[PDB]
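Before any questions on binding or motion, here is one chain by itself as structure tokens, the form deposited in one PDB entry.
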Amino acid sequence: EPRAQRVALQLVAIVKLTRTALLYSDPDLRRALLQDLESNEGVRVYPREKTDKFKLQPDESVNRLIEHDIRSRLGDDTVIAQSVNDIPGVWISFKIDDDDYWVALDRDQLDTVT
């Protein structure tokens, strides 16, 4: 419960901060912002398409509890996955208005911040 809640809250903070950066970004600097997030923050953002396939994290350890805690903060429609279109990562969907996005985090790099 407490360790699960902690990891979820850290992942929520990362997604909210990232969404916030994109939301208030100068439109002319938006692609440059995405390069900065990826290279310097290790946070990769992508547009999310309705046809993007995903694979769930296994029901292992506290995975399902972390996912429940994430959804309670970000929304029940949030997708959380270990891969998208077969690309491995910690993937969490988010939205701005009617646009859908993914955040992808590196698993190894995330484990130092969790």
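Between two forms, the rigid core is the largest collection of C-alphas that superpose within 1.5 Å. Numbers follow the displayed sequence, beginning with 1. Residues that one form lacks are left out of the comparison.
Separately, the form deposited in another entry exists; it is not shown, and the next lines address it.
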Inset, instruction - Could you tell me whether the Cα atom of residue 77 shifts by at least 2 Å between the shown form and the other one after core superposition? - result: no
Legend entry - Shift of residue 65 between the shown form and the other one at or above 2 Å (CA, core fit): no
Legend entry - residue 32: Cα shift of 2 Å or greater between the shown form and the other one (core-aligned): yes
Inset, instruction - Check residue 55 against residue 109 at the C-alpha atoms and report closer or farther in the other entry, compared with the shown form; the change is 3 Å or more. - result: closer
Legend entry - Pairwise C-alpha change, residue 50 versus residue 32, in the other entry against this form - closer or farther, 3 angstroms or more: farther
Inset, instruction - Fit the two forms on the core and write out the ranges of at least 3 consecutive residues whose every CA moves by 2 Å or more between the shown form and the other one. - result: 26-41, 108-114
